[PDB]
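Listing of work.csv, CSV, C-alpha atoms and all ligand atoms
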chain,number,residue,atom,x,y,z
W,29,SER,CA,19.0,19.5,34.2
W,30,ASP,CA,18.1,18.2,30.8
W,31,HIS,CA,20.0,20.9,28.9
W,32,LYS,CA,23.2,20.5,30.9
W,33,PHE,CA,23.5,16.7,30.2
W,34,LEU,CA,22.4,17.1,26.5
W,35,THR,CA,25.1,19.7,26.1
W,36,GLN,CA,27.6,17.3,27.7
W,37,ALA,CA,26.6,14.6,25.1
W,38,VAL,CA,27.1,17.2,22.3
W,39,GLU,CA,30.5,18.0,23.7
W,40,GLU,CA,31.4,14.3,23.8
W,41,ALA,CA,30.4,14.2,20.1
W,42,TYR,CA,32.7,17.1,19.2
W,43,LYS,CA,35.6,15.6,21.3
W,44,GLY,CA,35.3,12.2,19.6
W,45,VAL,CA,35.4,13.8,16.2
W,46,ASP,CA,38.4,15.9,17.2
W,47,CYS,CA,40.5,13.0,18.5
W,48,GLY,CA,39.6,10.6,15.6
W,49,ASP,CA,37.7,8.2,17.8
W,50,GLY,CA,34.6,8.0,15.6
W,51,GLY,CA,31.7,10.0,14.4
W,52,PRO,CA,29.9,13.1,15.9
W,53,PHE,CA,27.8,11.2,18.4
W,54,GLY,CA,27.8,11.5,22.2
W,55,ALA,CA,25.9,9.8,25.1
W,56,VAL,CA,25.7,10.6,28.8
W,57,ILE,CA,24.1,8.3,31.3
W,58,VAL,CA,23.0,9.9,34.6
W,59,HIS,CA,21.6,8.7,38.0
W,60,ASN,CA,19.6,11.4,39.7
W,61,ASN,CA,21.8,14.2,38.3
W,62,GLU,CA,25.1,12.3,38.9
W,63,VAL,CA,27.0,11.3,35.7
W,64,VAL,CA,27.6,7.6,35.6
W,65,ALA,CA,28.9,7.5,32.0
W,66,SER,CA,30.1,10.0,29.4
W,67,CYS,CA,31.0,8.6,26.0
W,68,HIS,CA,31.2,9.2,22.3
W,69,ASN,CA,31.3,7.0,19.2
W,70,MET,CA,34.3,4.7,19.3
W,71,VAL,CA,33.8,2.7,16.0
W,72,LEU,CA,37.1,3.9,14.5
W,73,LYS,CA,39.1,3.7,17.7
W,74,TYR,CA,37.9,0.2,18.6
W,75,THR,CA,37.4,-1.2,15.0
W,76,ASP,CA,33.9,-2.1,16.3
W,77,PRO,CA,30.8,-1.1,14.4
W,78,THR,CA,28.7,-1.7,17.5
W,79,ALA,CA,30.7,0.9,19.5
W,80,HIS,CA,28.2,3.7,18.9
W,81,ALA,CA,28.1,6.4,21.6
W,82,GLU,CA,25.0,5.0,23.3
W,83,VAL,CA,26.3,1.3,23.4
W,84,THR,CA,29.6,2.5,24.7
W,85,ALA,CA,27.9,4.6,27.5
W,86,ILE,CA,25.7,1.6,28.4
W,87,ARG,CA,28.7,-0.7,28.7
W,88,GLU,CA,30.6,1.8,30.8
W,89,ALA,CA,27.6,2.6,33.1
W,90,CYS,CA,27.0,-1.1,33.6
W,91,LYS,CA,30.7,-1.6,34.6
W,92,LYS,CA,30.6,1.4,36.9
W,93,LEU,CA,27.6,0.2,38.8
W,94,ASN,CA,28.5,-3.5,38.6
W,95,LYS,CA,25.2,-4.5,37.2
W,96,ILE,CA,23.5,-5.2,33.8
W,97,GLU,CA,20.3,-3.1,34.4
W,98,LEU,CA,20.1,0.7,34.7
W,99,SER,CA,16.4,1.1,35.6
W,100,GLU,CA,17.2,4.1,37.9
W,101,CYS,CA,19.2,5.9,35.2
W,102,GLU,CA,18.5,8.2,32.2
W,103,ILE,CA,20.4,8.6,29.0
W,104,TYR,CA,21.1,11.7,26.9
W,105,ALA,CA,22.0,11.2,23.3
W,106,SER,CA,23.2,14.0,21.1
W,107,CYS,CA,21.4,12.4,18.2
W,108,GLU,CA,18.4,10.1,17.9
W,109,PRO,CA,19.6,6.6,18.7
W,110,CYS,CA,19.7,4.1,15.8
W,111,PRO,CA,17.8,0.8,15.9
W,112,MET,CA,20.8,-1.0,17.4
W,113,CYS,CA,21.2,1.6,20.1
W,114,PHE,CA,17.5,1.8,20.9
W,115,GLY,CA,17.3,-1.9,21.2
W,116,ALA,CA,20.3,-1.8,23.6
W,117,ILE,CA,18.6,1.0,25.6
W,118,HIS,CA,15.6,-1.3,25.9
W,119,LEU,CA,17.7,-4.2,27.1
W,120,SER,CA,19.5,-2.0,29.7
W,121,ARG,CA,16.2,-1.0,31.3
W,122,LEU,CA,17.1,2.8,31.2
W,123,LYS,CA,14.0,4.6,32.3
W,124,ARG,CA,14.2,7.7,30.2
W,125,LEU,CA,15.9,8.8,26.9
W,126,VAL,CA,16.4,12.5,26.0
W,127,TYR,CA,17.9,13.1,22.6
W,128,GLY,CA,18.9,16.2,20.8
W,129,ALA,CA,18.9,16.0,17.0
W,130,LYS,CA,16.5,13.9,14.8
W,131,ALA,CA,18.2,11.1,12.8
W,132,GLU,CA,17.6,13.1,9.5
W,133,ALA,CA,20.3,15.5,10.7
W,134,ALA,CA,22.9,12.7,10.6
W,135,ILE,CA,21.4,11.2,7.4
W,136,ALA,CA,21.9,14.6,5.7
W,137,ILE,CA,25.6,14.5,6.2
W,138,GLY,CA,26.0,10.9,4.8
W,139,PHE,CA,25.0,8.3,7.4
W,140,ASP,CA,22.5,5.5,6.7
W,141,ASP,CA,18.8,6.0,6.6
W,142,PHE,CA,18.6,3.7,9.6
W,143,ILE,CA,15.8,4.7,11.9
W,144,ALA,CA,14.2,3.0,14.9
W,145,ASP,CA,10.5,2.4,14.4
W,146,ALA,CA,10.0,1.7,18.1
W,147,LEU,CA,11.4,5.1,19.1
W,148,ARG,CA,9.1,7.0,16.7
W,149,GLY,CA,6.1,4.9,17.7
W,150,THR,CA,5.7,2.8,14.5
W,151,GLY,CA,6.9,-0.5,15.8
W,152,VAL,CA,4.8,-3.6,15.8
W,153,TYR,CA,7.0,-6.4,17.2
W,154,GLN,CA,9.2,-4.0,19.3
W,155,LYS,CA,7.3,-1.8,21.7
W,156,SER,CA,9.3,0.5,23.9
W,157,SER,CA,7.9,1.7,27.3
W,158,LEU,CA,10.6,4.1,28.4
W,159,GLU,CA,9.9,7.8,28.5
W,160,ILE,CA,11.3,9.6,25.5
W,161,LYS,CA,11.9,13.4,25.1
W,162,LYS,CA,13.0,15.1,21.9
W,163,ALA,CA,14.8,18.3,22.8
W,164,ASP,CA,13.4,21.7,21.7
W,165,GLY,CA,14.8,25.2,21.4
W,166,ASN,CA,18.5,25.7,22.2
W,167,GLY,CA,19.1,22.0,22.8
W,168,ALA,CA,17.7,21.1,19.4
W,169,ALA,CA,19.7,24.0,17.8
W,170,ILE,CA,23.0,22.8,19.4
W,171,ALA,CA,22.4,19.2,18.6
W,172,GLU,CA,21.5,19.9,15.0
W,173,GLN,CA,24.5,22.2,14.6
W,174,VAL,CA,26.8,19.3,15.5
W,175,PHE,CA,26.5,17.8,12.0
W,176,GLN,CA,27.0,21.1,10.1
W,177,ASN,CA,30.1,21.9,12.2
W,178,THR,CA,31.8,18.5,11.9
W,179,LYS,CA,30.8,17.9,8.3
W,180,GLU,CA,34.1,16.7,6.8
W,181,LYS,CA,36.2,16.4,10.0
W,182,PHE,CA,35.8,12.6,10.3
W,183,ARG,CA,35.7,9.5,8.2
W,184,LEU,CA,32.2,8.1,7.5
W,185,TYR,CA,31.2,4.6,8.5
K,29,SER,CA,27.5,-25.8,5.1
K,30,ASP,CA,24.4,-24.2,6.6
K,31,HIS,CA,23.7,-27.2,8.9
K,32,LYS,CA,27.3,-27.3,10.0
K,33,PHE,CA,27.6,-23.7,11.1
K,34,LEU,CA,24.1,-23.6,12.6
K,35,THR,CA,25.0,-26.6,14.7
K,36,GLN,CA,28.2,-24.9,15.8
K,37,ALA,CA,26.1,-21.9,16.9
K,38,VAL,CA,23.8,-24.2,18.9
K,39,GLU,CA,26.8,-25.9,20.5
K,40,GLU,CA,28.1,-22.5,21.4
K,41,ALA,CA,24.7,-21.8,23.1
K,42,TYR,CA,25.0,-24.9,25.2
K,43,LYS,CA,28.6,-24.2,26.0
K,44,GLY,CA,27.9,-20.7,27.2
K,45,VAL,CA,25.0,-21.7,29.4
K,46,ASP,CA,27.1,-24.6,30.8
K,47,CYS,CA,30.0,-22.3,31.8
K,48,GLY,CA,27.7,-19.5,33.2
K,49,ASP,CA,28.8,-16.9,30.6
K,50,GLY,CA,25.2,-16.0,29.7
K,51,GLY,CA,22.0,-17.4,28.2
K,52,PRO,CA,21.6,-20.2,25.6
K,53,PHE,CA,22.5,-18.2,22.5
K,54,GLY,CA,25.3,-18.8,20.0
K,55,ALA,CA,26.6,-17.0,16.9
K,56,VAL,CA,29.2,-18.0,14.4
K,57,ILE,CA,30.7,-15.6,11.8
K,58,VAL,CA,32.1,-17.3,8.7
K,59,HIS,CA,34.2,-16.0,5.8
K,60,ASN,CA,34.0,-18.2,2.7
K,61,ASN,CA,33.8,-21.4,4.8
K,62,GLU,CA,36.4,-20.2,7.3
K,63,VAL,CA,35.1,-19.5,10.8
K,64,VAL,CA,36.2,-16.0,11.8
K,65,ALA,CA,34.4,-15.9,15.2
K,66,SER,CA,32.5,-18.4,17.3
K,67,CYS,CA,30.8,-17.0,20.4
K,68,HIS,CA,27.9,-17.1,22.8
K,69,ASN,CA,26.0,-14.7,25.0
K,70,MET,CA,28.4,-13.1,27.5
K,71,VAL,CA,26.0,-10.8,29.4
K,72,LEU,CA,26.6,-12.4,32.8
K,73,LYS,CA,30.4,-12.9,32.3
K,74,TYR,CA,31.0,-9.3,31.1
K,75,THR,CA,28.3,-7.6,33.1
K,76,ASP,CA,27.2,-6.2,29.8
K,77,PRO,CA,23.6,-6.3,28.5
K,78,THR,CA,24.7,-5.6,25.0
K,79,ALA,CA,27.0,-8.7,24.9
K,80,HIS,CA,24.5,-10.9,23.2
K,81,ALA,CA,26.0,-13.7,21.1
K,82,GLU,CA,25.6,-11.9,17.8
K,83,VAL,CA,27.2,-8.6,19.1
K,84,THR,CA,30.0,-10.5,20.7
K,85,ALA,CA,30.7,-12.4,17.4
K,86,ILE,CA,30.7,-9.1,15.4
K,87,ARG,CA,33.1,-7.4,17.8
K,88,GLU,CA,35.5,-10.4,17.7
K,89,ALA,CA,35.4,-10.9,14.0
K,90,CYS,CA,35.9,-7.2,13.3
K,91,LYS,CA,38.9,-7.0,15.7
K,92,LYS,CA,40.4,-10.2,14.1
K,93,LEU,CA,40.0,-9.0,10.5
K,94,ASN,CA,41.0,-5.4,11.3
K,95,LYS,CA,38.0,-4.0,9.5
K,96,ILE,CA,34.6,-2.6,10.6
K,97,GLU,CA,32.6,-4.1,7.7
K,98,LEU,CA,32.1,-7.8,7.4
K,99,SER,CA,30.6,-7.6,3.9
K,100,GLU,CA,32.4,-10.8,2.9
K,101,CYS,CA,31.1,-12.8,5.9
K,102,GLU,CA,27.9,-14.5,7.0
K,103,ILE,CA,26.4,-14.9,10.5
K,104,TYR,CA,24.8,-18.0,11.9
K,105,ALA,CA,22.6,-17.3,15.0
K,106,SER,CA,21.2,-20.2,17.1
K,107,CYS,CA,18.2,-17.9,17.7
K,108,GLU,CA,16.5,-15.2,15.8
K,109,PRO,CA,18.4,-12.0,16.5
K,110,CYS,CA,16.8,-9.4,18.8
K,111,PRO,CA,16.3,-5.8,17.6
K,112,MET,CA,19.6,-4.7,19.0
K,113,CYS,CA,21.5,-7.6,17.3
K,114,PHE,CA,19.7,-7.1,14.0
K,115,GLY,CA,20.7,-3.5,14.1
K,116,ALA,CA,24.3,-4.6,14.8
K,117,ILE,CA,24.2,-7.1,11.9
K,118,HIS,CA,23.0,-4.2,9.6
K,119,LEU,CA,25.8,-1.9,10.8
K,120,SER,CA,28.5,-4.5,10.4
K,121,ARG,CA,27.5,-5.0,6.7
K,122,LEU,CA,27.2,-8.8,7.1
K,123,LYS,CA,25.9,-10.1,3.8
K,124,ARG,CA,23.8,-13.0,5.0
K,125,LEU,CA,22.0,-14.2,8.2
K,126,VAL,CA,21.0,-17.8,8.9
K,127,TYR,CA,19.2,-18.4,12.2
K,128,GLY,CA,17.8,-21.6,13.8
K,129,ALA,CA,14.9,-21.0,16.2
K,130,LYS,CA,12.2,-18.4,16.1
K,131,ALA,CA,12.2,-15.7,18.8
K,132,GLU,CA,9.1,-17.2,20.3
K,133,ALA,CA,11.0,-20.3,21.5
K,134,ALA,CA,13.1,-18.0,23.7
K,135,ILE,CA,10.1,-15.9,24.8
K,136,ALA,CA,8.4,-19.1,25.8
K,137,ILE,CA,10.9,-19.6,28.7
K,138,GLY,CA,10.5,-16.0,29.9
K,139,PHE,CA,12.7,-13.8,27.8
K,140,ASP,CA,11.4,-10.3,26.6
K,141,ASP,CA,8.7,-10.2,24.0
K,142,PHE,CA,11.2,-8.2,22.0
K,143,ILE,CA,11.3,-8.9,18.3
K,144,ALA,CA,13.0,-7.1,15.4
K,145,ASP,CA,10.5,-5.5,13.1
K,146,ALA,CA,13.1,-5.1,10.4
K,147,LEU,CA,13.8,-8.8,10.4
K,148,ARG,CA,10.1,-9.8,10.0
K,149,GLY,CA,9.4,-6.9,7.5
K,150,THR,CA,6.9,-5.1,9.7
K,151,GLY,CA,8.5,-1.6,9.9
K,152,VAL,CA,7.6,1.8,8.6
K,153,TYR,CA,11.1,3.3,8.9
K,154,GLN,CA,13.6,0.5,9.3
K,155,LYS,CA,13.8,-1.7,6.2
K,156,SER,CA,16.2,-4.5,5.5
K,157,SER,CA,17.5,-6.0,2.2
K,158,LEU,CA,19.9,-8.3,4.1
K,159,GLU,CA,19.7,-11.9,2.8
K,160,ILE,CA,17.9,-13.7,5.7
K,161,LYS,CA,17.4,-17.5,5.9
K,162,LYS,CA,15.3,-19.2,8.6
K,163,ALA,CA,16.5,-22.8,8.8
K,164,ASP,CA,14.1,-25.6,8.5
K,165,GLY,CA,14.0,-29.3,9.3
K,166,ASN,CA,17.0,-30.8,11.1
K,167,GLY,CA,19.2,-28.1,12.5
K,168,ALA,CA,16.0,-26.0,13.1
K,169,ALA,CA,14.4,-28.7,15.3
K,170,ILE,CA,17.6,-29.0,17.3
K,171,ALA,CA,17.9,-25.2,17.6
K,172,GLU,CA,14.3,-24.9,18.8
K,173,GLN,CA,14.8,-27.4,21.6
K,174,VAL,CA,17.7,-25.4,23.1
K,175,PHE,CA,15.5,-23.3,25.4
K,176,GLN,CA,13.5,-26.2,26.9
K,177,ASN,CA,16.8,-28.0,27.4
K,178,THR,CA,18.5,-25.2,29.2
K,179,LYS,CA,15.8,-23.2,31.0
K,180,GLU,CA,16.7,-24.4,34.5
K,181,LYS,CA,20.4,-24.0,34.0
K,182,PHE,CA,20.6,-20.2,34.1
K,183,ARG,CA,18.9,-17.0,35.4
K,184,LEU,CA,16.9,-14.9,33.1
K,185,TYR,CA,18.2,-11.4,32.2
R,201,LIG,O1,23.0,6.0,17.6
R,201,LIG,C1,24.0,6.1,16.9
R,201,LIG,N1,25.3,6.3,17.6
R,201,LIG,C2,26.4,6.5,16.8
R,201,LIG,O2,27.5,6.6,17.3
R,201,LIG,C3,26.4,6.6,15.3
R,201,LIG,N2,27.3,6.8,14.4
R,201,LIG,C4,26.7,6.8,13.2
R,201,LIG,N3,25.4,6.6,13.3
R,201,LIG,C5,24.4,6.6,12.2
R,201,LIG,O3,23.7,7.8,12.1
R,201,LIG,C6,22.4,7.5,11.5
R,201,LIG,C7,21.3,8.2,12.2
R,201,LIG,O4,21.0,7.6,13.5
R,201,LIG,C8,22.3,6.0,11.3
R,201,LIG,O5,22.7,5.6,10.0
R,201,LIG,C9,23.3,5.5,12.3
R,201,LIG,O6,23.8,4.2,12.1
R,201,LIG,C10,25.1,6.5,14.7
R,201,LIG,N4,23.9,6.3,15.5
R,202,LIG,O1,19.9,-12.0,19.9
R,202,LIG,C1,19.9,-12.3,21.1
R,202,LIG,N1,21.2,-12.7,21.6
R,202,LIG,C2,21.3,-13.1,23.0
R,202,LIG,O2,22.3,-13.4,23.4
R,202,LIG,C3,20.1,-13.0,23.9
R,202,LIG,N2,19.9,-13.3,25.2
R,202,LIG,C4,18.6,-13.1,25.5
R,202,LIG,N3,18.0,-12.7,24.4
R,202,LIG,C5,16.5,-12.3,24.4
R,202,LIG,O3,15.8,-13.4,23.8
R,202,LIG,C6,14.6,-12.9,23.3
R,202,LIG,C7,14.3,-13.5,21.9
R,202,LIG,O4,15.2,-12.9,20.9
R,202,LIG,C8,14.6,-11.4,23.4
R,202,LIG,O5,13.9,-11.0,24.5
R,202,LIG,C9,16.1,-11.1,23.5
R,202,LIG,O6,16.5,-9.9,24.2
R,202,LIG,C10,18.8,-12.6,23.4
R,202,LIG,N4,18.7,-12.2,21.9
R,203,ZN,ZN,23.4,3.5,17.4
R,204,ZN,ZN,20.3,-9.7,20.6
Mind turning the file's structure into C-alpha cells?
Amino acid sequence: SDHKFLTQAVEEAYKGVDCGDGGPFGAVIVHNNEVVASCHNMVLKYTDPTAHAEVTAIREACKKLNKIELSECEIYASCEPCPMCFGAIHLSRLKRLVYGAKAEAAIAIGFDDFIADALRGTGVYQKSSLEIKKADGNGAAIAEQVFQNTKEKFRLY
Amino acid sequence: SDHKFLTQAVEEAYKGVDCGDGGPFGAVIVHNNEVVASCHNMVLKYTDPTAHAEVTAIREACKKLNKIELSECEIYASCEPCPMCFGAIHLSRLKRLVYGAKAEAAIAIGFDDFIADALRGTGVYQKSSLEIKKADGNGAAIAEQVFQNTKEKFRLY
C-alpha cells in the first residue's frame, strides 16, 4: 500500500512540473487506503509561497472531509517535508507520514537548505509524535530520481 | 511605526475572534509604511488548519503584489509565530518579523505546546538569519493580555 501512494505522490510531482504549476513535489493524503487528496506544488500557479504540495493536500483533504483535523489519515510526500509543511502536518493531526526522498535531493538541484529538525528528531521546542517512515528500495529510487529527471524543467522558487 | 502595526495586529486578533473566523491571532504585512495585508486566523471560517493569521497574511499580500517573495515587506504578528508560520515567513522572504506576545501566553489558555526552534535559535538543521524583534513594554503588554481576554470567546483548535 505504501509504494502505491508514494508513487502517486511522485506522479503528482512530475505532473505539476509538466503543467508549470510549481516544483517537483507531490503529496497524497489517504484514509484507510482511499485517496482523500492528491496534489502537487502550486506556488507558481497560485502566486503563493505557502502552496507547497503538502499544504495544498492538507487544505484539500480538510475541505473534502469538512473538518480541520485528519487524525485518521496518512500523508505520502514525494520529498521530505520542509519545516512549514511539517508544522502544518502537525497541526492537521495526520497520524502518519511516509516520504520518499531526503531533503538533500531537493537541495542538490537548487532549493534552500531548509530542513525540519522535528522530523529528523533534533527538535527541542517542536516535538512531533506522528509516525514517520522514510521509504527504502524502489520507493527511494523513484523519489530521488524525480530531481534528476526534472532538473531544469521548472523555475526555481 | 512598530507600535502602530503591532496594535493593528492585536486588533485583528480581537476582530477575528469576535466574528468567529478563528482564534485570537492577527498578522499585518507592511511595505515601507504601506499596509499590504491585515488578517487574522481563519481556521474556523475556512475549515483550514493552515489558515493561521500569518499564513493568511502572506497569501493575501503575495496575491495583491503579484509576487511570491515579500523581501521588501515586514510582518507584525500579535503572537509569536508557530513552527508552520515561521517556515512560511522564511519561504516568503519577508525581511523582518515583529511579534507581540510569547508563545507561552497562548499555550497558557490551552493551545499546543508547539514552538518554532528556528525562531528561538535552538535547532540543529533549521537556522534563521531573519531579523526578529520581540516587542517590549506597551504594545507587548497589550498583546500578552489578548489570550486571557478572549479565552471564553472561542473553541480551541
Ligand atoms: O515540502 C515541500 N513542498 C514543496 O512543494 C517544495 N517546493 C520546494 N521545496 C523546498 O525544497 C527544499 C527541501 O525540502 C526546501 O528548501 C523547501 O522549501 C519544497 N518543500
Ligand atoms: O502562529 C500562529 N497563528 C495562529 O493563527 C494560531 N492559532 C493557534 N495557534 C497556536 O498557538 C500556539 C502558540 O503559537 C501554538 O500551539 C499554535 O499552533 C496559532 N499560531
Ligand atoms: Zn513544504
Ligand atoms: Zn502559525
Residues of chain K near chain W: apply a cut-off of 6 Å, count all atoms listed in the file, and supply the list as JSON, numbers by chain.
{"K": [75, 76, 77, 78, 87, 96, 111, 112, 115, 116, 120, 142, 143, 145, 153, 154]}
So what do you get for atom CA of residue 80 of chain K versus atom CA of residue 47 of chain K, distance-wise?
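A separation of 15.3 Å between them.
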Pick out the residues sitting within 10 Å of segment 166-179 of chain K, and hand them over as an mmCIF file with C-alpha atoms, in the coordinates of the input; count all atoms listed in the file, and ignore anything fewer than 4 positions along from it in its own chain.
data_model
loop_
_atom_site.group_PDB
_atom_site.id
_atom_site.type_symbol
_atom_site.label_atom_id
_atom_site.label_comp_id
_atom_site.auth_asym_id
_atom_site.auth_seq_id
_atom_site.Cartn_x
_atom_site.Cartn_y
_atom_site.Cartn_z
ATOM 1 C CA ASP K 30 24.400 -24.200 6.600
ATOM 2 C CA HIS K 31 23.700 -27.200 8.900
ATOM 3 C CA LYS K 32 27.300 -27.300 10.000
ATOM 4 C CA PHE K 33 27.600 -23.700 11.100
ATOM 5 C CA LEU K 34 24.100 -23.600 12.600
ATOM 6 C CA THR K 35 25.000 -26.600 14.700
ATOM 7 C CA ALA K 37 26.100 -21.900 16.900
ATOM 8 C CA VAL K 38 23.800 -24.200 18.900
ATOM 9 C CA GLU K 39 26.800 -25.900 20.500
ATOM 10 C CA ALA K 41 24.700 -21.800 23.100
ATOM 11 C CA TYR K 42 25.000 -24.900 25.200
ATOM 12 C CA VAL K 45 25.000 -21.700 29.400
ATOM 13 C CA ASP K 46 27.100 -24.600 30.800
ATOM 14 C CA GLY K 51 22.000 -17.400 28.200
ATOM 15 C CA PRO K 52 21.600 -20.200 25.600
ATOM 16 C CA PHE K 53 22.500 -18.200 22.500
ATOM 17 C CA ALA K 105 22.600 -17.300 15.000
ATOM 18 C CA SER K 106 21.200 -20.200 17.100
ATOM 19 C CA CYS K 107 18.200 -17.900 17.700
ATOM 20 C CA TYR K 127 19.200 -18.400 12.200
ATOM 21 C CA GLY K 128 17.800 -21.600 13.800
ATOM 22 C CA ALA K 129 14.900 -21.000 16.200
ATOM 23 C CA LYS K 130 12.200 -18.400 16.100
ATOM 24 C CA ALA K 131 12.200 -15.700 18.800
ATOM 25 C CA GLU K 132 9.100 -17.200 20.300
ATOM 26 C CA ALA K 133 11.000 -20.300 21.500
ATOM 27 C CA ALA K 134 13.100 -18.000 23.700
ATOM 28 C CA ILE K 135 10.100 -15.900 24.800
ATOM 29 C CA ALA K 136 8.400 -19.100 25.800
ATOM 30 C CA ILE K 137 10.900 -19.600 28.700
ATOM 31 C CA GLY K 138 10.500 -16.000 29.900
ATOM 32 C CA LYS K 162 15.300 -19.200 8.600
ATOM 33 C CA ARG K 183 18.900 -17.000 35.400
ATOM 34 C CA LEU K 184 16.900 -14.900 33.100
#
Between atom CA of residue 126 of chain W and atom CA of residue 163 of chain W, measure the distance and give it in Å to one decimal.
6.8 Å
Can you sort out the box for ligand LIG 202 (chain R), edges along x, y and z, all listed atoms in, 6 Å on every side, with centre and edge lengths in Å to one decimal, as AutoDock Vina command-line options?
--center_x 18.1 --center_y -11.7 --center_z 22.7 --size_x 20.4 --size_y 15.6 --size_z 17.6
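Proximity to residue 43 of chain K was assessed for K:57, K:147, K:64, K:81 counting only C-alpha atoms; the smallest distance is recorded for K:81.
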Of the candidates K:68, K:36, K:62, K:124, which one gets nearest to residue 50 of chain K if we count all atoms listed in the file?
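Using all atoms listed in the file, the shortest distance to residue 50 of chain K belongs to K:68.
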Å distance separating atom CA of residue 49 of chain W from atom CA of residue 69 of chain W, one decimal place
6.7 Å
Nearest-residue call for ligand LIG 202 (chain R), choices K:108, K:92, K:48, K:56, using only C-alpha atoms and all ligand atoms:
K:108
